[PDB]
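Following: one structure in structure tokens, then a few remarks.
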Amino acid sequence: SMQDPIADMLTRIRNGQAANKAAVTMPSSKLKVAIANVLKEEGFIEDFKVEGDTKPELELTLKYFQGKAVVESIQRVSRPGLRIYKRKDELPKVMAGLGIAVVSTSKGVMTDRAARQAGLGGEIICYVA
Amino acid sequence: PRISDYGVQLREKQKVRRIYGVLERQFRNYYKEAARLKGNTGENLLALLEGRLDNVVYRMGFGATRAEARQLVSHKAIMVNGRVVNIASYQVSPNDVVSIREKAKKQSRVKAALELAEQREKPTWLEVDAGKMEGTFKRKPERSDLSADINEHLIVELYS
Amino acid sequence: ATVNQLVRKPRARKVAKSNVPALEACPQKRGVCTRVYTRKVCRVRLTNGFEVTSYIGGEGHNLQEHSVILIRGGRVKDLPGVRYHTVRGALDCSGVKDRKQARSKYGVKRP
Amino acid sequence: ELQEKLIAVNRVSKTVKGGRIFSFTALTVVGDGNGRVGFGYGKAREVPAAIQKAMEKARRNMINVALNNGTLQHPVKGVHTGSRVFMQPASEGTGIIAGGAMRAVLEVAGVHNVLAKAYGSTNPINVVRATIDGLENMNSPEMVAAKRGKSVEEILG
Amino acid sequence: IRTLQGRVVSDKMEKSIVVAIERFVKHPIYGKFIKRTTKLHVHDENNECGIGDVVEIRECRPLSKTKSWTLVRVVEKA
RNA sequence: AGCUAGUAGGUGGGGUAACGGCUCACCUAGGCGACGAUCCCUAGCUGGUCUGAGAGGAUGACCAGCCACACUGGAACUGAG
RNA sequence: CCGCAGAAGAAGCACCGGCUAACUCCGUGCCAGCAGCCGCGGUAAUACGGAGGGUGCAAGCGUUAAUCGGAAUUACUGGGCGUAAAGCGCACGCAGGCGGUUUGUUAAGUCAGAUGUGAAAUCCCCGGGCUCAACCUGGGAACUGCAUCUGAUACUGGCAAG
RNA sequence: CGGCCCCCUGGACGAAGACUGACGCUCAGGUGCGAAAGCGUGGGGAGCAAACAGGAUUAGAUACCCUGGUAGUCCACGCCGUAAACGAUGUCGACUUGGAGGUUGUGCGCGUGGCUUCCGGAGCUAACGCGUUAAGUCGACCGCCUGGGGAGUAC
Ligand SMILES: [Mg+2]
């Protein structure tokens, strides 16, 4: 039984980038389309669409640059068995600012830089590099 | 015979200790305060070692030997702001005033040695005067005005 | 990893036994040098009777079979069961004569 | 302005019907004053011959990478053949803090402020391969902006 | 007014109420949030509770042995 | 691995500077406990000291805040204490 | 503070094959002995003892004992379980940990702001007098931990529910 | 766990239609099954054969070789909870180049499922090797490890 759809999406796109595939489909959710939107805003993918009505499908196409994968390391830091909550002043700097991290905060879903510039923190969920 | 990097590090360390007459625990506390100090460590430590009182007397020119300089310091012949100092590890602050005791005016051998030092070299700082027996500090010692055959990187790696 | 099992049973750090298993937290301990012969060892019953083996170094094989000696911790790496060393130079333990080098060793006085 | 620093000399031995044939192997890394590093693993029956073979191998396989004024662009983790190394940037008044082989290869590369630590095994060939792979996998803000499609100002803030 | 919210266990104590509260605390060396079932003894007026209902508790003066609590509101109607 | 019988609570009385099974009489038949009850071993606690890049680990003399004791074991009187 | 006198009375400890800093001569023949580890003594021991010299420290120097790091060698940060230590012989099942997707609500976890509170000395920075220093001392910062109030709802909790 | 037949009965899988609508996953404790050997009681006992006897090689042979043969191996009712109980790889899921096949269906001479065998791409390890049935990337949980002997040993 699957216990983490977000981590399943992350490992799906990671092995898709490793296999150099075109597109990937998955079941959808509000937090899934939110993290997909903030990932597109950060600029790691091109686009994502929702298909179907009774079973929403997040069809997303991957990105490649110079024959290499755009992402290098994706890691889920807020496990469903080990949640992680850090305040605003102790938000980490992934790769000293070169990487990125997703943070589920009180004002929706944003990144570490957006959380610092907005002035609030929350559950930091994933590291993307 | 050629010793490795640790060997040449300790050789340069003991060379500095021999040419400055400084024991090991003194240089260890010197390295401690230098690592406490701001900015760099090795060249600031060299500046502190230059700010050693016997070295500052030798490089002002009141004695052409650090041994007789320490002898004169122990005999209390250097008056900073009028008061004597017996301790050889006294640090000299910049733009200060140092003077020679009146009982130390009976001086000919180290005065001829001062003339010999004037014949040998002439640094930038440490203005000296043989007649008035006075002296002052001009500014901080420069890293380029610091003498050669000194390496800070191997020293700070040996004591790090 | 396995944080549920770790919070159910906590990670227990492994204990570290002392290399000197007799009269711990003590640099030098007393004792009676019984059997000062075989082959350079004494069976020392200490102040509480832990009955250690000790190695004798240098001269002084004529030490008394009931003599107060001091014991320091040290493995000889040449004999089994020898983990202690006699402290030559202590009370009732005649220091090794004719050893003018290593003054701190054997407690020898210099001329 | 290239530098010369040997890091490992070992004495291997093969067995033949006549007896034992001893040989000398030399690991030695070299490089330029900034960025370009390359390590060489030579093996011969004479020590200077093996040193020169390792030197030629290193000058052939000298790899290129960038940096940021004598420090890492970001903390990297070099993992190869059972050797974990941690490359981490530092402040200006630090120096070079690393192992033996890592300190030598970083002093060859010409960094000024890098703190490091070598976990895992302590094999010289393995740790130099690990730190070379870590430096090679280390990227730059310009190339990550070109890969993400954004600008350097948007990626810095 | 500093009241707390809890859940009772039994109500067969002849005008005495045993409550239990739960808290999620981050572990100081493991980080995993676990539960802490802190049980308390509460004094009531006329046995206005049943088995397993959510109530509100208030700290007051000591009324018996390790029982210095009073009931405020019942948000379950048992 | 089950423990507790003044045990857990209520009613009335006593007493304490003071609430309170604190203590009695009568009822209710319960209270705690694998989130470790009970039992056994060790141990004064904290600001701190050492060490460690950190998180931690070890350690509570001299300097201070709190607790307990004055050969051992029981008590109460004076006194505001 | 001032004078006086013959420099007058004022120096050792450990090691030199390597790790780890610096060599020779004699005794020595697995013997006495050294040794933290690799370990040495084959009538030539750079490794035992003696002589010199040098090395390192210095009114201290060696040895022992105790704690932390190195040790990622109890791994949350920061590890593994095919063959090196290590997947219960297998299955079912209670507590317990996790829970597919959407709406309404609570803020319990979560975060933001504010207030109170973390004795005083040590600790960090700026200064002062101790001949300098050790020492003590003024100010600042740290003590970010705890508690209360008001807000947020993305997610994890609960209910009504699809 | 395989000679055939009858009776009773479990589980698995396939193509479709409908319903319940998260009823789900691991499980500490507990329960059940659990190879062979062995034990208790009652039977049977052909062949094999622990123990044992004799003959052989051998320097000796309490062993390997033959001659016989008790227990056991066969049945029923209960214990015994141990194995190199191994795929030395715990269970449930998600995603990630292919060939050669085997078995068993279902649909339209061809398509898609379940299980399984061999080699190999990426990837992972110290290598051997694994490699869509991963030892690849992950998610949930349990169990076990942390130098060898002592020792799976004493109380
Ligand atoms: Mg037979």
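Residue numbers (the authors' numbering), protein chains in the order written: chain g, 1 to 129; chain c, 45 to 204; chain k, 1 to 38, 49 to 121; chain d, 9 to 165; chain p, 4 to 81.
Heads up, the beta-carbon is just placed ideally off N, CA and C, and yes, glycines get one too.
query, result
"Proximity test, Cβ basis, 9 Å: residue 44 of chain g and chain d", "yes"
"Beta-bridge partners of residue 20 of chain g, as assigned by DSSP", "Per DSSP, none; premise fails for residue 20 of chain g."
"Residue-chain proximity (residue 82 of chain g, chain p), Cβ-Cβ < 9 Å", "yes"
"Cβ-based neighbour list, residue 61 of chain p, same chain, cut-off 6 Å, excluding 5 preceding and 5 following", "6, 73 and 75"
"Exposed unless 16 or more other CB atoms sit within 10 angstroms - verdict on residue 75 of chain c", "buried"
"Alpha-carbon to alpha-carbon, residue 100 of chain d and residue 164 of chain d", "21 Å"
"Nearest neighbour of residue 131 of chain d, chosen from d:88, d:45, d:75 and d:46 [CA to CA]", "d:88"
"Residue range of the unbroken alpha helix (DSSP H) whose run includes residue 98 of chain d", "Per DSSP, residue 98 of chain d belongs to no alpha helix (DSSP H) and is neither H nor E."
"Option in d:105, d:79 and d:123 with minimal Cα separation from residue 198 of chain c", "d:105"
"Chain-ordered residues of the stretch 47 to 77 of chain g with a beta carbon less than 7 Å from chain d", "65 and 70"
"Rounded C-alpha distance that separates residue 150 of chain c from residue 159 of chain c", "16 Å"
"Contiguous beta strand (DSSP E) assignments of at least 3 residues, all confined to the stretch 14 to 59 of chain p", "20 to 24, 27 to 29, 36 to 38 and 41 to 45"
"8 Å Cβ cut-off: residues of chain d touching residue 84 of chain c", "101"
"Buried or exposed by the 16-neighbour rule on C-beta atoms within 10 Å, applied to residue 117 of chain c", "buried"
"Reduced DSSP category for residue 70 of chain c - H, G, I as helix; E, B as strand; rest coil", "helix"
"Cutoff 6 Å; reference residue 189 of chain c; Cβ partners in own chain excluding five residues on either side", "168"
"Neighbourhood of residue 61 of chain g by C-beta distance below 6 Å, restricted to the same chain and skipping five residues each side", "23 and 46"
"Outcome for residue 11 of chain g when other beta-carbon atoms lying within 10 angstroms are tallied against a minimum of 16", "exposed"
"For residue 77 of chain p, three-class secondary structure by DSSP", "strand"
"Close-in-space but distant-in-sequence residues of the same chain around residue 126 of chain c (CB under 8 Å, 5 per side omitted)", "143"
"Where residue 119 of chain g meets chain d, residues with beta-carbon distance less than 9 Å", "None at all; the shortest Cβ gap to chain d is about 15 Å."
"Near-chain d residues of the stretch 183 to 201 of chain c - C-beta to any C-beta below 9 Å", "197, 200 and 201"
"Buried or exposed by the 16-neighbour rule on C-beta atoms within 10 Å, applied to residue 50 of chain p", "exposed"
"Against chain k: residues of the stretch 32 to 44 of chain p by CB proximity under 8 Å", "33, 34, 35 and 37"
"Three-state secondary structure (DSSP) of residue 155 of chain d", "helix"
"Beta-carbon separation (whole angstroms), residue 84 of chain d vs residue 142 of chain d, contact threshold 8 Å", "5 Å"
"Per-residue contacts from residue 152 of chain d into chain g (C-beta, under 7 Å)", "98"
"7 Å Cβ cut-off: residues of chain p touching residue 6 of chain k", "33"
"For residue 64 of chain c and residue 47 of chain c, the rounded distance between their alpha carbons", "23 Å"
"Start-to-end residues for the alpha helix (DSSP H) that takes in residue 63 of chain d", "55 to 68"
"When d:31, d:17 and d:54 are compared against residue 23 of chain d, the one with the closest alpha-carbon", "d:31"
"Contact set for residue 34 of chain d: own chain, Cβ-Cβ below 6 Å, skip 5 residues either direction", "17, 50, 58, 59 and 62"
"Residue 41 of chain d burial status per 10 Å Cβ neighbour count (16 or more: buried)", "exposed"
"Residue 82 of chain d versus residue 99 of chain g: straight-line alpha-carbon distance, rounded", "9 Å"
"Chain-ordered chain d contacts of residue 113 of chain g [CB-CB under 9 Å]", "165"
"Assumed close pair residue 58 of chain g, residue 36 of chain g - CB separation to whole angstroms, cut-off 8 Å", "6 Å"
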